[PDB]
Amino acid sequence: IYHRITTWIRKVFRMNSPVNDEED
Amino acid sequence: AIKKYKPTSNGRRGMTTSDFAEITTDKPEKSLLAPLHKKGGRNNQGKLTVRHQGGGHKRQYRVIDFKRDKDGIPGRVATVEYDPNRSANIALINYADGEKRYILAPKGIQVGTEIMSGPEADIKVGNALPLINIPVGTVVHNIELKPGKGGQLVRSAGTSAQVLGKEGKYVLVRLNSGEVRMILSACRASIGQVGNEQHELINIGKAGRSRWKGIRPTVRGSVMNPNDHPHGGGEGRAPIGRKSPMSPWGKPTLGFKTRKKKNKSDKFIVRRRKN
Amino acid sequence: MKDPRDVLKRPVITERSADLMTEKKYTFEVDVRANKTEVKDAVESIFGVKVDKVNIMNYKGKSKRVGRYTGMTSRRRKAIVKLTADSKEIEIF
Amino acid sequence: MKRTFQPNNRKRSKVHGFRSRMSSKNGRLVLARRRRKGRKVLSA
RNA sequence: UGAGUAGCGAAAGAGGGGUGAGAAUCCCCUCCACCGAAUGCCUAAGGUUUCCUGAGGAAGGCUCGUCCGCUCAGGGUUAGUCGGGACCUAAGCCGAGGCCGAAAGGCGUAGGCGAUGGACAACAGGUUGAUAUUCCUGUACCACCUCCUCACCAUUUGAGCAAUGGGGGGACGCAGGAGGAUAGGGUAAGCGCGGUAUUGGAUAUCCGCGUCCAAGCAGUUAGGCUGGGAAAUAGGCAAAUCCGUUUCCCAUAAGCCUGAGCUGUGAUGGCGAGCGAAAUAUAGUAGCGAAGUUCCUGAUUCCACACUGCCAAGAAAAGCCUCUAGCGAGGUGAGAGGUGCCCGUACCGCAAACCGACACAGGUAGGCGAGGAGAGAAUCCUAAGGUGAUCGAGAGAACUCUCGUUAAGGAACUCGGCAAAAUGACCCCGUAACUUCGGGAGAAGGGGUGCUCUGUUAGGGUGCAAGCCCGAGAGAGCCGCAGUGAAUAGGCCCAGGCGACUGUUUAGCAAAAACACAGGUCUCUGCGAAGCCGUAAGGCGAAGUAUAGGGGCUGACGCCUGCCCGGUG
């Protein structure tokens, strides 16, 4: 049995509401 | 006649519809039916050249020979039918040949009345004879601009035209709203103003009936964003501060002539803009 | 070319096929481009048996990875020919 | 909620097919860029 | 490092055994729980084997694991009739010559492509660890072809085939209401069961089952033909005993075309409650096998856009029905003999087999969708069929969340009656200001509905009767705090600003006093159009024609809409 295994990773994103208020 | 609706609902408060009294048969003859794909106002390129078009009810064209190229052959008015395509009602007419052709219908026509398309035909309504034989001042409809082309003039319901007199070239005619042109004497025309004059009096009474037309809503220009319309921008109902009221296209619309100053038809314009 | 004899590949030896032997029908692999009409002329020549209702089936290949290297199986196309009654088999012989 | 990917093989084929690119010179350029790079899977 | 800290991805499991080195998580059995207008099945899209059997199990299983949609070995989709292609056409696209454009290309005839449509012949049970209106056992059906078998005919005085041509037909909208019948549910009968030890029932007891198709044949619900016969024809590129049209004859139906679904045939066949072997590679089958009626109830299905009404008047062509043109020496009418191809058929499709990085509380046509109460695809509880929804154990702290309760008070809270509470189910009484006379208006405000008897009511549905049902009204009585007792099915009265309204708007902070609309008005436009999309050709507007279109402004309706042309257009 070869038992080959593979792993994959990804950065993704994103949001930025940013919900920040003031100073104005 | 006009059947006013009782205000059972908010859309009933103003809506009105024509009597449809002229109509006789519920269905069109199968032989003269033609397809009408709705372009929606888009260009063949696919872009929308005309604003707010399409979305209306499906329609099916009835063949109508405005040209009336045949002559000397008596006809008969068998039936009258509703026309979704235009305000004018359609009246089917059976030719002595057994030929059948839907034809524009002047008011006051009766079922079974004889109609000759020839030059020798009587002045009586529904007949179409050449302008040279037409007595001065009689009402005329479905006037052709050139022979064999069909009568582009006076096709809509309730419109009319009158002859001011005639020479060998060309016969005078009073076009609707008072404009006048020397239409060709040889050219054919049909006496008697088009019926369904009450169509102007009809009230839609709701946004929903307009969808069936289908007349799509038009946004007011000031409401539009400044990038989209010249009158756009401002802090709420912007004043038409900018000089000269304008279309979204750069040409002004209020009182600005759109006529080409040089045109082939300019010689024919004996009279213009009576207002 | 074309000839009936080259159309066939190998018999399908399965428990499901062995049960069909009593049904007077015998599975055989057949070329993907071959039609049912061609198969009917093959049994009549090779076996000489009268042919009744032929059935044919195609199969997409299953994956058969070997370590890192995956690879699709070739597409087999077996055929089922229902032989007429009273006819000696040549299969296994 | 509904998302941008709502697959339809007839649409993917008519729009992103090899002949959809053969239909115009620009698509031929797309195929040319597809082949110069040596891609194992041209078109869709 | 934070840490052995957060999380362990909604929402029942318990026990007995079995397997095994290892069992809470796997398997089987017995209870119990949840969905059941589905957490049920059937089939697209899409996935592309993830289906099945025998093993393995390190990794992928928010945990172990003997188990997997995992990892390995083999195995599994069967078609003239199902879907699509050897048929057609729509939007749209391609497009000979061609019209245009520095080039590349753009546009568009003839023609072709293209279903989400039209045309089209197979239905009932059985079968495997699977795939079955494909395999099988029955009965069939369509199209095509003659070594054939009979029957009828005619040799250009022409028996017949009859078009790429002409017509007919196909052929189409929305809403509503009767009617006929059925897919489905339940009653009395009928047949197989059991006498039940928890008080009491051989008893108006209990459990379970109560049948069957396309077709070849007959007729019937009923609808549609408006009539049929004769003569004449400036027409339907040529022609027509076809159509259209015209003139007479007979018109209360002879006749013309289509019917759901029924009765017998299809069936001296098989489904069926229940018995359930030898044993085989001890699963559980093979195999045997009763009754199979009647009434009530019935649509969202079919007859069928059939009927009625309405406006906003609602595809295209072929398959077909005919006509001649035109082909002709052997053809037609029925039986037998054969032929009938190319692809899709597995499984997952309310989802752990897909859109979502995940085995993710979201998203995914349509076709079947039961029972009790109920108007009902509301709601609650249950059939058919599934689901034990894959980290748990136990203490019962704060605190956070989801809820249930609440003494006396009430909005004293708060920017603000936010949230919550309350009202709400049918029948009946009753109902104001104001108003465009429609409304407002479930106004508001109250009463009665639970169970028993007279009452297989009064009255209706169907039926010969017998019976099953839909069911008030009442009277007398019984009870509890209670009575649409559970669950879900409006809180109102006012007074003003803005907006006529419905509707629409920033998907992912703002839905509105915003937008839009009908209406009102101005202006422009005479067709080769004003406005446009484009270098152009072409096309939209428009198969339109000033009672029609384009643009600006204003917003239903009522009362109105004053003055100024110096300046800027």
# chains A, B, ... in the order shown; residues from 1 in each chain; ligands from 1
>>> residues_around(residues="residue 45 in chain C", least_positions_apart="4", cutoff="12 Å", atoms="only C-alpha atoms (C1' of nucleotides)", output="ChimeraX atom specification")
/C:3-7,38-41,49-51
>>> write_last_selection(atoms="C-alpha atoms", output="PDB file, in the first residue's frame")
ATOM      1  CA  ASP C   3     -14.618  -8.303 -40.496  1.00  0.00           C
ATOM      2  CA  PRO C   4     -16.880  -9.791 -37.752  1.00  0.00           C
ATOM      3  CA  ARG C   5     -14.079 -11.835 -36.174  1.00  0.00           C
ATOM      4  CA  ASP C   6     -11.949  -8.872 -34.984  1.00  0.00           C
ATOM      5  CA  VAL C   7     -14.904  -7.118 -33.309  1.00  0.00           C
ATOM      6  CA  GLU C  38     -22.304  -5.611 -36.398  1.00  0.00           C
ATOM      7  CA  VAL C  39     -22.328  -7.822 -33.305  1.00  0.00           C
ATOM      8  CA  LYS C  40     -25.303  -9.780 -34.648  1.00  0.00           C
ATOM      9  CA  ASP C  41     -23.308 -10.685 -37.777  1.00  0.00           C
ATOM     10  CA  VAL C  49     -25.603 -19.605 -33.686  1.00  0.00           C
ATOM     11  CA  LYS C  50     -28.833 -17.787 -34.574  1.00  0.00           C
ATOM     12  CA  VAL C  51     -29.049 -14.347 -32.957  1.00  0.00           C
TER      13      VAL C  51
END
>>> residues_around(residues="residue 4 in chain D", least_positions_apart="4", cutoff="12 Å", atoms="only C-alpha atoms (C1' of nucleotides)", output="PyMOL selection string")
chain E and resi 355-356+363+507
>>> write_last_selection(atoms="C-alpha atoms (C1' of nucleotides)", output="PDB file, in the first residue's frame")
ATOM      1  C1'   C E 355     -23.100  25.775  -4.057  1.00  0.00           C
ATOM      2  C1'   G E 356     -20.326  27.093   0.268  1.00  0.00           C
ATOM      3  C1'   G E 363     -28.584  28.038  -0.578  1.00  0.00           C
ATOM      4  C1'   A E 507     -27.312  42.395  -2.289  1.00  0.00           C
TER       5        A E 507
END
>>> select_by_dssp(residues="chain C", states="strand (DSSP E or B)", output="compact mmCIF listing (two decimals) with N, CA and C atoms, in the first residue's frame")
# COMPACT_ATOMS: atom_id res chain seq x y z
N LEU C 8 -14.73 -8.78 -31.54
CA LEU C 8 -14.72 -9.27 -30.16
C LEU C 8 -13.36 -9.09 -29.48
N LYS C 9 -13.39 -8.97 -28.16
CA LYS C 9 -12.16 -8.88 -27.37
C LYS C 9 -12.00 -10.11 -26.48
N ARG C 10 -12.50 -10.03 -25.26
CA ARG C 10 -12.47 -11.16 -24.34
C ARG C 10 -13.83 -11.37 -23.68
N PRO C 11 -14.16 -12.63 -23.32
CA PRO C 11 -15.37 -12.91 -22.55
C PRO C 11 -15.32 -12.30 -21.16
N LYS C 25 -27.50 -16.67 -22.92
CA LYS C 25 -26.86 -15.42 -23.33
C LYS C 25 -25.43 -15.39 -22.81
N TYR C 26 -24.53 -14.76 -23.57
CA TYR C 26 -23.12 -14.75 -23.21
C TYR C 26 -22.48 -13.38 -23.43
N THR C 27 -21.95 -12.81 -22.35
CA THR C 27 -21.27 -11.52 -22.42
C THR C 27 -19.95 -11.58 -23.17
N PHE C 28 -19.66 -10.54 -23.95
CA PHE C 28 -18.37 -10.39 -24.62
C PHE C 28 -18.01 -8.92 -24.76
N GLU C 29 -16.74 -8.59 -24.54
CA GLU C 29 -16.27 -7.22 -24.77
C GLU C 29 -16.26 -6.92 -26.27
N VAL C 30 -16.60 -5.68 -26.62
CA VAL C 30 -16.76 -5.28 -28.01
C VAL C 30 -16.18 -3.88 -28.21
N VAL C 51 -29.06 -15.47 -33.89
CA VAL C 51 -29.05 -14.35 -32.96
C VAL C 51 -30.46 -13.80 -32.71
N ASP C 52 -30.76 -13.48 -31.46
CA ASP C 52 -32.07 -12.89 -31.11
C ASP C 52 -31.91 -11.40 -30.70
N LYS C 53 -32.04 -11.10 -29.41
CA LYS C 53 -31.93 -9.73 -28.92
C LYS C 53 -30.57 -9.45 -28.29
N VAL C 54 -29.76 -8.65 -28.97
CA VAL C 54 -28.45 -8.26 -28.45
C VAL C 54 -28.53 -6.99 -27.60
N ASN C 55 -27.88 -7.02 -26.44
CA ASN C 55 -27.74 -5.83 -25.61
C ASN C 55 -26.27 -5.44 -25.49
N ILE C 56 -26.00 -4.14 -25.48
CA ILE C 56 -24.62 -3.66 -25.39
C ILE C 56 -24.51 -2.54 -24.35
N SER C 63 -10.86 5.25 -11.44
CA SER C 63 -9.52 5.70 -11.09
C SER C 63 -8.72 4.56 -10.46
N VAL C 66 -1.55 4.78 -8.57
CA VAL C 66 -0.38 4.01 -8.16
C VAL C 66 0.62 4.98 -7.54
N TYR C 69 0.71 8.81 -8.75
CA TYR C 69 0.21 8.92 -10.12
C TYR C 69 -1.17 8.30 -10.34
N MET C 72 -6.99 7.22 -15.18
CA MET C 72 -8.27 6.63 -15.54
C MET C 72 -8.13 5.29 -16.25
N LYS C 78 -18.73 -4.16 -22.97
CA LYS C 78 -19.24 -5.52 -23.09
C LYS C 78 -20.58 -5.57 -23.81
N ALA C 79 -20.86 -6.69 -24.46
CA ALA C 79 -22.13 -6.89 -25.15
C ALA C 79 -22.81 -8.17 -24.68
N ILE C 80 -24.14 -8.15 -24.62
CA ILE C 80 -24.90 -9.32 -24.21
C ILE C 80 -25.77 -9.84 -25.35
N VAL C 81 -25.39 -10.99 -25.90
CA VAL C 81 -26.14 -11.59 -27.00
C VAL C 81 -26.99 -12.75 -26.50
N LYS C 82 -28.31 -12.60 -26.58
CA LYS C 82 -29.22 -13.65 -26.13
C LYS C 82 -29.42 -14.69 -27.23
N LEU C 83 -28.69 -15.79 -27.14
CA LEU C 83 -28.71 -16.82 -28.17
C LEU C 83 -30.05 -17.57 -28.20
>>> atom_distance(atom1="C1' of residue 110 in chain E", atom2="CA of residue 46 in chain B")
24.5 Å
>>> interface_residues(of="chain B", to="chain E", cutoff="6 Å", atoms="only C-alpha atoms (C1' of nucleotides)", output="compact mmCIF listing (two decimals) with C-alpha atoms, in the first residue's frame")
# COMPACT_ATOMS: atom_id res chain seq x y z
CA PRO B 7 -63.81 53.05 -6.46
CA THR B 8 -63.90 49.58 -4.89
CA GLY B 41 -36.32 48.60 -27.42
CA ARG B 42 -32.82 47.13 -27.63
CA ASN B 43 -30.50 47.59 -30.61
CA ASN B 44 -29.40 44.59 -32.69
CA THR B 49 -31.29 52.65 -27.74
CA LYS B 58 -47.70 39.53 -25.82
CA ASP B 97 -62.42 37.77 -55.02
CA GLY B 98 -62.78 35.85 -51.76
CA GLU B 99 -59.58 37.57 -50.70
CA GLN B 152 -47.91 56.22 -43.10
CA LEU B 153 -49.98 59.36 -42.51
CA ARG B 155 -52.96 55.85 -38.94
CA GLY B 158 -59.20 59.95 -34.07
CA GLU B 200 -57.69 59.99 -25.84
CA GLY B 205 -55.91 54.83 -13.38
CA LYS B 206 -53.10 52.67 -11.99
CA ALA B 207 -49.45 51.69 -12.40
CA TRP B 212 -49.40 45.70 -19.76
CA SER B 244 -30.61 75.38 -20.65
CA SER B 247 -31.78 65.72 -22.25
CA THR B 253 -35.25 69.73 -25.41
CA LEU B 254 -37.42 72.68 -24.34
CA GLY B 255 -38.12 74.78 -27.42
>>> decode(residues="chain D", atoms="C-alpha atoms", output="mmCIF file, in the first residue's frame")
data_model
loop_
_atom_site.group_PDB
_atom_site.id
_atom_site.type_symbol
_atom_site.label_atom_id
_atom_site.label_comp_id
_atom_site.auth_asym_id
_atom_site.auth_seq_id
_atom_site.Cartn_x
_atom_site.Cartn_y
_atom_site.Cartn_z
ATOM 1 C CA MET D 1 -27.910 32.211 0.372
ATOM 2 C CA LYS D 2 -27.420 32.075 -3.399
ATOM 3 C CA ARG D 3 -23.834 32.226 -4.651
ATOM 4 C CA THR D 4 -22.089 33.188 -7.889
ATOM 5 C CA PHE D 5 -21.394 29.599 -8.938
ATOM 6 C CA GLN D 6 -24.562 28.007 -10.325
ATOM 7 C CA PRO D 7 -23.177 25.451 -12.786
ATOM 8 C CA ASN D 8 -24.767 24.612 -16.149
ATOM 9 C CA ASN D 9 -22.805 22.477 -18.608
ATOM 10 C CA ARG D 10 -24.602 23.920 -21.638
ATOM 11 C CA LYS D 11 -23.607 27.423 -20.548
ATOM 12 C CA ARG D 12 -20.019 26.511 -19.717
ATOM 13 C CA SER D 13 -19.782 24.808 -23.099
ATOM 14 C CA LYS D 14 -21.459 27.498 -25.203
ATOM 15 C CA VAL D 15 -19.521 30.311 -23.519
ATOM 16 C CA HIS D 16 -16.161 28.767 -22.630
ATOM 17 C CA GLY D 17 -15.997 26.045 -25.272
ATOM 18 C CA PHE D 18 -13.224 25.650 -27.832
ATOM 19 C CA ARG D 19 -15.503 26.730 -30.677
ATOM 20 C CA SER D 20 -16.683 29.753 -28.708
ATOM 21 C CA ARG D 21 -13.067 30.850 -29.032
ATOM 22 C CA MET D 22 -12.803 29.634 -32.624
ATOM 23 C CA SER D 23 -15.780 31.884 -33.383
ATOM 24 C CA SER D 24 -13.624 35.007 -33.061
ATOM 25 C CA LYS D 25 -10.005 35.974 -33.709
ATOM 26 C CA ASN D 26 -9.644 37.150 -30.111
ATOM 27 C CA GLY D 27 -10.615 33.697 -28.903
ATOM 28 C CA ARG D 28 -8.032 32.286 -31.277
ATOM 29 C CA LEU D 29 -5.578 34.556 -29.470
ATOM 30 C CA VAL D 30 -6.817 33.102 -26.185
ATOM 31 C CA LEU D 31 -6.160 29.616 -27.545
ATOM 32 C CA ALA D 32 -2.749 30.772 -28.752
ATOM 33 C CA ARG D 33 -1.849 31.979 -25.275
ATOM 34 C CA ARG D 34 -3.298 28.696 -24.041
ATOM 35 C CA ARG D 35 -0.936 26.688 -26.254
ATOM 36 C CA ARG D 36 2.255 28.765 -25.999
ATOM 37 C CA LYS D 37 2.238 28.153 -22.241
ATOM 38 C CA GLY D 38 1.878 24.420 -22.856
ATOM 39 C CA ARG D 39 -1.311 23.904 -20.828
ATOM 40 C CA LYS D 40 -2.525 20.303 -20.637
ATOM 41 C CA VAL D 41 -6.167 21.407 -20.690
ATOM 42 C CA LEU D 42 -7.147 23.956 -23.334
ATOM 43 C CA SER D 43 -10.565 25.650 -23.205
ATOM 44 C CA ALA D 44 -13.350 24.161 -21.081
#
